[PDB]
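In: Sequence, then structure. It's an experimental one.
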Amino acid sequence: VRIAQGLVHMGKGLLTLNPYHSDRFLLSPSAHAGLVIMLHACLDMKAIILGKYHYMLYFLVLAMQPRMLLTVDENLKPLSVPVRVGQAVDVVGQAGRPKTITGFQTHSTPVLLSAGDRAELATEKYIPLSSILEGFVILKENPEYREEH
Amino acid sequence: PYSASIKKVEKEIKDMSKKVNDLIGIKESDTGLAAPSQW
Amino acid sequence: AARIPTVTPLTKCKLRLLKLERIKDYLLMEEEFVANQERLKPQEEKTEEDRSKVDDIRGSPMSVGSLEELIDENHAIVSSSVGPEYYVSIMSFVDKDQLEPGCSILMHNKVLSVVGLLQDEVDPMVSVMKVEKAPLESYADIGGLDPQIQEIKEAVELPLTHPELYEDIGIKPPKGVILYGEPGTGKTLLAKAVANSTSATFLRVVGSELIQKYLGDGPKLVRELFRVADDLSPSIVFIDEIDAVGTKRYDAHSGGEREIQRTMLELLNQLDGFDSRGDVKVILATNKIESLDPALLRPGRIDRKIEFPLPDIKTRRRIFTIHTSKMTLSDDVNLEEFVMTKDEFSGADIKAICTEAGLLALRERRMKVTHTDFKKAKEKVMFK
Amino acid sequence: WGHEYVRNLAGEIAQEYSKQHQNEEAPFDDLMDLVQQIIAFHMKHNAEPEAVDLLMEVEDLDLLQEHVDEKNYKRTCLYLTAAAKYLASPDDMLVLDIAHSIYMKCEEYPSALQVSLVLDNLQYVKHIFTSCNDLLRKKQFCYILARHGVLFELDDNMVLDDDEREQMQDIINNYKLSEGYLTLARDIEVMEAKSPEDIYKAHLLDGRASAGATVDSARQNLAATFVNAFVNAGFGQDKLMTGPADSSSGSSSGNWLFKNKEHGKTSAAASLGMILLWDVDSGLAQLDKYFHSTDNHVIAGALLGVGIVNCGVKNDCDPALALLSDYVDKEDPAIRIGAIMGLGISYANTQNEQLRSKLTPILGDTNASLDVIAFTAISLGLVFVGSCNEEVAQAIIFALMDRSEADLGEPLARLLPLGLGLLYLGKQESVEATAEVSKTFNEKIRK
Ligand SMILES: Nc1ncnc2c1ncn2[C@@H]1O[C@H](COP(=O)(O)OP(=O)(O)O)[C@@H](O)[C@H]1O
């Protein structure tokens, strides 16, 4: 129970054990291997984890990644830009240009993205070079943007 | 495009469900009797 | 049976195919798990050995008993059809869901243990008041007024038409509609359309039928009508001739006025009592509402008030063109001539005139109806 | 003639193709011309899913590469990606390749990179990088590859500037990940370390434990260490392990470390490795203090912590390999296990041949303890996930035959098959031969 409590408070809420990336399309082999090893070790709790091999839990090191969406300027410096965060919606088969996110709340700089939450830029000033806003995203200033005073 | 492909498959599964449930025994509607898997 | 109620897809999307494949896989896995039981340890036929053993265990001769109480733990208390109270227990096939007083419990013949339940197909009160077939044609056969046709529709059918419109407004259908009008106004004709259009169960109650001869009976009849209608299904029960509550006095009933009063109080309780009657609607009509008990009409027991006046001089035209649709009448006469014959010709008057004209044409076996037949029918109808 | 006519024609064409493929005697050109016209009509009217379905039922998916426009590629490619999830191995592979071709024709290199990563083919990634002329896009692709955990050594033919090559190599090495995590922690004000007691919120449970003697169980201390390591991972500072000795006592900070026993000491040491996650410079310096301990368990834990620290971060100096290779040969089973696990964790999915050569001889040593060989198999699987290297699979299989029936009863015997499967993660059809080979294993393990 103490191990479970520690896992729940991993990184104080900043790190996750998601083996998938980019809208669950890419499976990371390292994180999956670590998680599978941890589960196979847990299969025989008394002998493996409660025995002499408490350290098998350190295979979980492969599966932990941060919940950070940091927008970066061309000069590789962090940039705070408002971002809309919400649950992703399957836009396949929908006529028109449907929004990919359910939500209107705007969050600036590094929004803690939860499992299933997708991010779209709230400002047209910057064109995101990444079709999926996750982890490091390099933002390019839009040359066509005119500040409407 | 395969309008008849899916309807026929669904109907086959629905018919087979009863064709297999009748092999254990739920039929023979009684007049106040419980399930053979109840007594 | 009720394996999966998810049909929301309603298209050729891959989700419907995936759900069907998962269901088929689960069914196949269950069938495979079940098959091995007989393959490894059948130990019996499982088809007729069980049924034969059940028949030979439970008393072969099963009697007609009557459950009167409830004993969950392998026991039950009933009275023998001869009269002797019994302590018969519960058997394996008990399926104890009909454990209510009155349902006959069938006991064994050897040890008289509960063998079978008693399927009930009687409902005497409901049957002596259940409408089997549609009375008349669609609402178009009523004709002329339709001031309540929309109102009565909203009161009864509209709740059953698509009960989200009243749901989206945040309200429940009106409590009740009482159709009061002049004698022979066609109130019964309104119930005719209500039944021909109705969708749920409908019960017909003769107005005098609530007053019985034995003291205390009338309240029992009212409570039984309420139980039957409510316990049966969503219903629209019309107790016609409500004026008969105290208007007519008969020597058959032992009680005097304090019996009609008790029956009316019981009816009021059954309409707005101390429980949830469920989804039950009431539509009653009367021709003399001046004497009806005031309490039985307060908003909350009978909500919608509908008044039916005599057919209008403009409505009389539709009434006549309706009640004489299939008559092979000769063009000798014009209906408008008799349209104003009676200063207060009610709806029943037109039907009576048409019937009398048809009969008169019949006496001579003629093929069509002449003006003289209508003239002779008019006097015989209004004048008597 | 209207859209309904086109749709019914598409369905009937699918049926005709299905039945003609079984006949093998009808000319195809006449059907192909009509199919091309139908595809063009569907593309012009944004009825892309119908065109994709028709071409799928015709199996002539190559025609998509000619009728995709700059306004039609997004929906079409999304449909192909969605279908691929329903398509099985061989069909999905061809579909993904055609989607990659559409993407390269449409000049959206990020989606092409994602599709190629799904295909696990480095040649397509190299082609994508070569076709790219934008430095910022290359940097973003390097970030994506670092996230996916794939090492892509940029060849000299890819970039003409040495400094830019070094910059993207650092980006791939996830050097800036620690800086980003620290910046995020500063932004949210989550720097303050939380003790395990704060999570335990013991004040809320004291309603019934006022009569319990304070017996500090070793297992409770180990749980506290694990929770402390989990909560304060990557923050660089801890109140229990690295907290300043600011209380009237000149006693080594290792007071809590020595309270644990053997494997407990190893776990406490590995907690330090977690706490300095992704921080090679300070992590190595802090673990150097514990490398000097006379306890073999502490040394093994320090090695495992070193392996943890460099997890996901690669340094050109390769401190992990140089440090751990010296401890791999040591006779002590605990130190050997720690070094092997550190090498496996630090070099996961790296496909380094030097590690293969250094680890394979250990697998063949009959004098090694079951723990050592099982962890060696796990580390080899972790290093070679998805590579399908026949040599490592053969080595693990050889190790599996050489086991007596008694060793098969221990739970640790269940980990060697786990490692062998890890070698084959994500590659469907290549595993049938290995399953056939494994059918020769003993019945108790075979299944
Ligand atoms: N269009 C009509 N409007 C009104 N009453 C009509 C109409 N057509 C026929 N009727 C007559 O109405 C009567 C329906 O019974 P009703 O008038 O309610 O009787 P009561 O008022 O005595 O209970 C029948 O005699 C029927 O022939």
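Out: Here it is on my side, so go on. Residues are numbered from 1 along each chain as shown, chains lettered A, B, ... in the order given.
In: Would you agree residue C:165 is in contact with residue C:157?
Out: No: counting by Cβ atoms under 8 Å, residue C:165 sits too far from residue C:157 to count as a contact (11.8 Å). For the C-beta atoms, the positions are set from N, CA and C on the backbone; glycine is no exception.
In: of these two, who's got more company?
Out: Neighbours per residue, other Cβ atoms under 10 Å in any protein chain shown: of residue C:165 and residue C:157, the larger number sits with residue C:157, 19 against 11.
In: Spatially nearest residue to that one, not counting backbone neighbours?
Out: Using Cβ to Cβ, 6 or more residues apart in numbering or on different chains and skipping residues adjacent in sequence, the residue nearest residue C:157 is residue C:197, 6.0 Å away.
In: Now do that neighbour against residue C:131, distance only.
Out: To residue C:131, residue C:197 is 13 Å away according to Cβ to Cβ, to the nearest Å.
In: the more surrounded of those two?
Out: Each of residue C:197 and residue C:131 has its neighbours counted (other Cβ under 10 Å); residue C:197 has more, 18 against 15.
In: check contacts around that one.
Out: Neighbour list for residue C:197: C:138, C:139, C:157 [criterion: Cβ atoms under 8 Å, 6 or more residues apart in numbering or on different chains].
In: Tell me who's in contact with the closest residue to chain B within chain A.
Out: At 14.9 Å from chain B, residue A:93 is the closest residue in chain A, using Cβ to the nearest Cβ. Each residue near residue A:93 by Cβ under 8 Å, 6+ apart is listed here: residue D:49.
In: Just the element for it, please.
Out: Per DSSP states H and E, residue A:93 falls between elements, in no helix or strand.
In: could you check the distance from it over to residue C:357?
Out: According to Cβ to Cβ, residue A:93 and residue C:357 sit 68 Å apart.
In: what are the ranges of the helices in the stretch 151-300 of chain C?
Out: C:158-161, C:165-168, C:187-197, C:217-232, C:257-272 (DSSP state H, counting those that start in this stretch).
In: Deepest in the core, which of those helices is it.
Out: A comparison of those by mean neighbour count, using mean count of other Cβ atoms under 10 Å in any protein chain shown, puts helix C:187-197 on top with a mean of 21.
In: what about that one and the ligand, any contact?
Out: Yes: Helix C:187-197 reaches the ligand (Cβ under 6 Å from any ligand atom) through C:187, C:188, C:189.
In: so the second one touches residue C:285, yeah?
Out: Yes: with contact taken as Cβ under 8 Å, residue C:188 and residue C:285 are classed as touching, separated by 7.4 Å.
In: Show the contacting residues for the residue nearest the centre of chain C.
Out: For chain C, residue C:202 is the residue whose C-alpha lies nearest the centre (Cα atoms, centre = their mean; 2.1 Å). Residues near residue C:202 by Cβ under 8 Å, 6+ apart: C:131, C:194, C:195, C:235, C:236, C:237, C:238.
In: Excluding chain neighbours, give the residue nearest to residue C:302 in space.
Out: Nearest one to residue C:302, counting by Cβ to Cβ, 6+ apart, is residue C:176 at 4.3 Å.
In: Next, count neighbours for the one you found.
Out: Neighbours of residue C:176 (other Cβ under 10 Å): 23.
In: And residue C:174, by the same measure?
Out: Counted with other Cβ under 10 Å, the neighbours of residue C:174 add up to 18.
In: do the same with residue D:171
Out: A count of neighbours around residue D:171, defined by other Cβ under 10 Å, yields 21.
In: Just name whatever secondary elements the helix or strand containing it is in contact with.
Out: Using DSSP H and E, residue D:171 sits within helix D:162-172. With contacts taken as 3 or more Cβ pairs under 8 Å, 6 or more residues apart in numbering or on different chains; DSSP states H and E, helix D:162-172 sits against helix D:135-148.
In: Please tell me how far the helix it packs on is from the chain's geometric centre.
Out: Chain-centre distance of helix D:135-148: 16 Å, with Cα atoms, centre = their mean, to the nearest Å.
In: rewinding a little: with the contacts of residue C:197 in mind, which one is nearest to chain B?
Out: Ranked by distance to chain B (Cβ to the nearest Cβ), the contacts of residue C:197 are led by residue C:157 at 34.4 Å.
In: Nearest to chain B: which residue in the stretch 101-250 of chain D?
Out: Closest point on the stretch 101-250 of chain D to chain B, by Cβ to the nearest Cβ, is residue D:102, at 22.7 Å.
In: Now that residue: closest residue in space, sequence neighbours ignored.
Out: That would be residue D:68: by Cβ to Cβ, 6+ apart, it lies 5.4 Å from residue D:102.
In: For residue C:306, list each beta-bridge partner.
Out: Beta-bridge pairing for residue C:306 (DSSP bridges): residue C:179.
In: So what's the residue count around it?
Out: 18.
In: what does the one 10 residues further on give?
Out: Number of residues near residue C:316 (other Cβ under 10 Å) recorded here: 23.
In: Isn't it up against residue C:344?
Out: No: using Cβ under 8 Å, residue C:316 and residue C:344 do not qualify as a contacting pair, with a distance of 11.0 Å.
In: ok so, going back, sort out which one of the contacts of residue C:202 lies nearest residue D:338 for me.
Out: residue C:235 (80.1 Å; Cβ to Cβ).
In: Quick check: the residue of chain A nearest chain C.
Out: Minimum separation of chain A from chain C (Cβ to the nearest Cβ) falls at residue A:93, amounting to 8.4 Å.
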